[PDB]
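The chain below stands alone and is given as structure tokens, in the form deposited in one PDB entry.
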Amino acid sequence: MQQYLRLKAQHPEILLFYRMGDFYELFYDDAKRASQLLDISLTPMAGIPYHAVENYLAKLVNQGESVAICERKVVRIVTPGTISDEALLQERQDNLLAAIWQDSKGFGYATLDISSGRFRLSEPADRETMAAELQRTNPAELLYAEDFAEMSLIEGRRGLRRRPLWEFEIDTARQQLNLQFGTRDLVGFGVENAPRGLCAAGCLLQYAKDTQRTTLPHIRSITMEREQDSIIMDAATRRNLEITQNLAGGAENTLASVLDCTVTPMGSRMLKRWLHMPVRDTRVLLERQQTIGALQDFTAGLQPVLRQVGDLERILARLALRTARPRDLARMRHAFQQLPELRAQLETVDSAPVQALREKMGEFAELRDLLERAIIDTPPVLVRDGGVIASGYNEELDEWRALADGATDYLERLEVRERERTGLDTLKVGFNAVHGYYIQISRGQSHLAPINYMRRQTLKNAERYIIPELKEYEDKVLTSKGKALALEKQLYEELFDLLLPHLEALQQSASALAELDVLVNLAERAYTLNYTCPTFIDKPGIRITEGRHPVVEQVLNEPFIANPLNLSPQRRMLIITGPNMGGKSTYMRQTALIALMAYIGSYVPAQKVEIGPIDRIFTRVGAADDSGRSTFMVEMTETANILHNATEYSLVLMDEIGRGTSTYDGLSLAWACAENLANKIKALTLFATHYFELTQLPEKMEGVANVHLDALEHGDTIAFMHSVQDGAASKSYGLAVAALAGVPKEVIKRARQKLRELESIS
């Protein structure tokens, strides 16, 4: 079997599936990696059943592996960043291709969603912004230049693809990009003067094209992302705020789990994009708020109708690629059938943005009518066997079908005729591939078959025969069906030619429907969850009245205690003191989440919110735990990131810095960090701490005040109160907890004596 080997040499860096009967089999290393990735026997050879290959392809692709199929020649390849088949994608997750490269001036980065055609480029200012973008976009497949210096950024990621340096040449990029978009220059996309980014996108587009060997007419635009356009959040922050993913890798108990009740998969994905990239331009935000408010009373009637639109976005991709299947057209039709109802319901809404979405949504009455006449109500999965084109659409087809039915009705009458004649009740006509049509009689009656019957196949308990009057009509049936089938196929490909001219307007429509779904959803969440519209002020500041954690309040069956916050250039840092279980962390995270939601355009969980501009959010809240430096090391590294990068427009949340080292070292560090944040950086800061010594800071510097949480001892337990009050904590509860936990009474008494001794010299 040197055929497999020599054929593997073609794509050596890609897993090779080799058709062997009703299975695909991998050999050698390929068998290895495959077994430990899919959990199957490493009998070296491994394999998977032909009827489940798409399942295993989805898994491999999900783990960043490209896969070449073979049936003997490489007839198909799938790469993680360029798949478009529904079976291989996850409904509610974006699947991106990206390219990264480094210049002497900085980084170049680009991403592509091969289904929607959403194409973005950027030029991250440094290793830190780059890391945040990599984490935010989370590409399924990453193209990188060989000479990539700072490999620490991408090493460890799945789907890494090393590419030759010549693939990142700008002259070639501009040309290829201009040709793809059909323009002479890129000025209209606002990227004409962004070479690094362009080099990344040029490489990406070429890879995509090579992977598809098809035109990509749905990729008609590209957009540049600027640092100042969005609130910046690093991986740790992004992780610690649990936006779309909890700290345990799951999806429950995240912000998305409470905010994302969209009715469409494209809506869901778009909402997740918004959550991860809050915008800083209040014009956009004011527009989103207005819409949220205007849509309120229309939510109930709009959602069930929007639900029927489905994932038009991804279907449209298969239309552009010419791989759409009968039920894709059926769903597109069904989606077109909702447009007039959506138009009529949106007509009354007093909102310029809603009216624009309403126009952008379109109608497509012609395409609607076409698919109504061309395809049957509930077509099969594939066109392969026909039965997709409805009767009455084409005259020829209608005829061939009438002949086949006629020849079929004859053979049915032939059966009843041959029965009464021969008088053999077991007699019937059946069809098969090997023998085509045939006549069957049971064994016990077979000896009475007419002499003109020719014997073709004996079964355990029956004989099958043929006669000329049989093979005659078999031809009438087979030749007819065959033509009908060929016709259906041609009529089906014709549907593509009639639909594709409107591709651009169809893409705008799906885009609009996706945005409506997002906005209608946020309108329903605000009204349902008692949110309020925040207002924007000129200078940095946050004023919350009765704010809540939007996730914790929906999960716990205990009353959530709402809390105020007042931060301004005059009251810039709060030293938060008190218990562990008291509510410090929650209180800090809800501040960040409220800021985030305000900068997505959504209403927020409070009675009132006034908030200034915010360039970035830092949350050093929660835990260390790495392969893993050490808790204190990590905690200090994240602190260093905040002190090097925060500005006066930053929101900073710090959670008991100092734990994990000596008392004096830890106290000295916390004091110094807090002083630098307050007097030099001047960022709006929530500084949680266990050090009572830090509560003297407000008497040493302006812009710093003490707030705290307290507890209540009652019965045989402790009730950690969750109300933030002014001033410093005056109690500690560590000994009380130790007593409840069963620490022997003698030890507690000795610890009490030691505590007072320690706290007094202070």
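We number the residues from 1 along the sequence you see. Basically, rigid core = biggest C-alpha set you can superpose within 1.5 Å across the two forms.
Note that the form deposited in another entry isn't included here; everything after this is about it.
Chemist: Go through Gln228, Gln90, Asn432, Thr535 and flag the only one whose CA is off by 2 Å or more between the shown form and the other one, rigid core held fixed.
Modeler: With the rigid core superposed, the residue that stands out is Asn432.
Chemist: With the core lined up, does the C-alpha of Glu418 move 2 Å or more between the shown form and the other one?
Modeler: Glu418 C-alpha, core-superposed: shift of 2 Å or more.
Chemist: By the 2 angstroms cut-off, has the C-alpha of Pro164 moved between the shown form and the other one once the rigid core is superposed?
Modeler: Yes; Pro164 is a residue whose C-alpha shifts (by 2 Å or more) between the shown form and the other one when the cores are overlaid.
Chemist: Taking the rigid core as reference, does the Cα of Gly250 move 2 Å or more between the shown form and the other one?
Modeler: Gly250 C-alpha, core-superposed: shift of less than 2 Å.
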